[PDB]
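Okay, so here's the structure we're looking at.
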6 protein chains.
Amino acid sequence: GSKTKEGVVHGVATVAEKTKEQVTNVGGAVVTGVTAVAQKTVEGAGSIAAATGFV
Amino acid sequence: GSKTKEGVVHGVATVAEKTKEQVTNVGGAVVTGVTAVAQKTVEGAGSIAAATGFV
Amino acid sequence: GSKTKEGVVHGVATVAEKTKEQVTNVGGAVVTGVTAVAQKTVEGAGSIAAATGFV
Amino acid sequence: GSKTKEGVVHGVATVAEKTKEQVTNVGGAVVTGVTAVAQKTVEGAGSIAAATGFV
Amino acid sequence: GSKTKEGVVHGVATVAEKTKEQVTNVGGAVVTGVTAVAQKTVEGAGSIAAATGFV
Amino acid sequence: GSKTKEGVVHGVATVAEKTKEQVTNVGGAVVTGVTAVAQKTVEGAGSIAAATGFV
């Protein structure tokens, strides 16, 4: 390419006012709060916020 | 390409005022709060916010 | 291409005022709150906010 | 009062995409682009976006 | 009061994408771009975005 | 008061992408770009973004 962008996040402004935030987890998988994330994966598998319980 | 964009997030403004936020999980999978995420995957599988219970 | 966009999110403004937000999960899969997400997947499978209970 | 609001702006989300914006003024008064403004005035005169040419 | 708000702006999210923005002024008064402004004035005069040409 | 707010700005998120921004002024008054401003004035006159040409 010449002027390319791929897997790009730009120009973001975020505010989060939370008086109480609580997470309880037993034997599982919890994913919370992913923000402004970017990736590019070539010839492989790619997951951003993936939760899996058991196998 | 010449001026390309793919898998791009730009120009985002977000506000989140939450007085109480609670997550309880047992033996499963919880995904919460994904915001302004971008990826590009070539020749592979790609998932952003995927939850799976067991296998 | 020359001036392309694909899998792109731009120019977004969001507000979320929530006084109480609660998530309870047992043995399943919960996905909540995905906002302003973009991806492009080439020659592979791609899912944004997918929940699956068991296998 | 007990739970009052007066002269209040809340919960606003705005987007403005403009490719070209031009303002030319000679000897006058121009007011442009007022957004999400609040005031409360007690025992006095109050104007938000007021233009006046001469006196 | 007990739980009051007056002259308050909260919970605002704004985006402005402008490719070219130009202002030309001769001998006058120009006001442009006021956003998310609050005041409270007691026993006096109060103006937010006021333009006046001459006197 | 007990839990008061007056002349308050909170919880603001703003984005401004501008490729070219130009201001030219001769002999006047230009006010541009006021954002997230708050004041409270007691027993006096109060103006936020006020332009005046001559006197």
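All of the numbers you see were taken from the coordinates with simple rules; none came from a lab. In this analysis, Cβ positions are derived from the backbone assuming ideal geometry, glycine residues included, and neighbour counts consider all displayed protein chains.
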With a ≥ b ≥ c from the Cα gyration tensor eigenvalues, square-rooted, and the rule rounded for a/c under 1.5, otherwise prolate when a/b > b/c and oblate otherwise, chain D is oblate
Distances from residue C:2 to the same position in the other copies: list them in nm, one decimal, shortest first, using label points 7 Å from Cα along Cα→Cβ. 0.5, 1.0, 6.8, 6.8, 6.8
Placing +1 at every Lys and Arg Cβ and -1 at every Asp and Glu Cβ, with all other atoms neutral, what dipole size does chain A have around its Cα centre, in debye to the nearest 20? 140
Measuring label to label, 7 Å along Cα→Cβ, what does residue A:36 give against each other copy in nm, shortest first? 0.5, 1.0, 1.2, 1.4, 1.7
Ascending list, in nanometres, of distances separating the residue D:14 label from those of the other copies (7 Å, Cα toward Cβ): 0.5, 1.0, 2.1, 2.2, 2.4
If you project the alpha carbons of the protein assembly as shown onto their three principal axes, what span does each projection cover, largest first, in Å? 79, 57, 15
Axis-proximal residue, chain E, for the rotation superposing E on B (Cβ, Å): E:13, 2
Computed magnitude of the charge dipole of the protein assembly as shown (debye, nearest 20; Cβ of K, R +1, Cβ of D, E -1): 20
Taking +1 at the Cβ of each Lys and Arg and -1 at the Cβ of each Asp and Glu, which of E:10, E:48, E:38 sits farthest along the dipole of chain E towards its positive end, judged by Cα position relative to the Cα centre? E:10
Excluding residue A:22 itself, calculate the net charge of residues whose Cβ lies under 12 Å from the Cβ of residue A:22, where each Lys or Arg counts +1 and each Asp or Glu counts -1. +2
In nm, spacing of pseudo-spin labels at residue C:43 and residue F:42 (7 Å Cα→C-beta vector): 7.2
